[PDB]
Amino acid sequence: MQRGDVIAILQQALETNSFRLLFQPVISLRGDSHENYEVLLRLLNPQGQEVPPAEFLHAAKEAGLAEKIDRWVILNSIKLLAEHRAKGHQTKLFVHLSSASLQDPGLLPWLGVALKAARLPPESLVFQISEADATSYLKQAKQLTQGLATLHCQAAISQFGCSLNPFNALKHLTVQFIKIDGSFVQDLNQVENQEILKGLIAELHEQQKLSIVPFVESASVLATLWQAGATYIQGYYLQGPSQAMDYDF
């Protein structure tokens, strides 16, 4: 019961609408009152056991289902936002887009329709694409990001800073948030890493981006990142992924 054909389990989670959505809050250090949450996707097998994320994420690609799962995630997110601005909550969701989605001319038209249906507050959704993907497909990244702006969505680049000249890719994109890569967060006891981190963050602030620094695993890491100038932070010390959007912002 810790095995299965993940490609078939995915084909059917889709058909029973049975993925599980999790939410990991993004914490504002500089006065953002939104309830920002990153959306994460989980999958259970028929026997109710969780399939390792790396495995079903790789399955989804092996099956050519990435884009179709993105649409399920987007529609269910749109749903939840509609149901959450129901109360006072200023919820904002960070939703991942696969490379397959990025390369797809059809995403934008499709999205415009769904958003119209839902009638959500503007700037309710942020689409997050990896640095590697934006860099592979700069032209499509450029097209997609301008498009989102017309729809009153925002964009984020994640795993930022690992490429040789990472700020170049940002030249023609419309992106408000930049989530720095996890590697920058390691061993900040070494003054040199504090400086690398600090200059990355300052360079981002200089290009007028909002920095998001992940993997805050204790209060000292949090304090260090606050001093370094981080706009937002995320990590288990604040809250790990949860099935509910119940974080006290």
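Sequential numbering from 1, following the sequence displayed.
The stretch 87-95 shows the higher mean C-alpha B-factor when 87-95 is compared against 140-148 in the entry.
The PDB entry reports B-factors from which the mean C-alpha value can be compared for 234-242 and 8-16; the larger average falls on 8-16. Within the listed group 129, 125, 118, 178, the record reports its top CA B-factor for 118. Of the candidates 70, 32, 217, 195, it is 195 whose Cα B-factor is highest according to the PDB record.
In this PDB entry, residue 38 carries a Cα temperature factor that places it within the lowest third of its chain's modelled residues. Per the deposited record, the Cα B-factor of residue 63 falls in the highest third when ranked against the other modelled residues of its chain. Ranked against the other modelled residues of its chain, the C-alpha B-factor of residue 51 as given in the entry falls in the lowest third. Ranked by Cα temperature factor within the chain, residue 45 sits in the middle third according to the deposited record.
Split the chain's modelled residues into thirds by C-alpha temperature factor. Residue 158 is in the lowest one.
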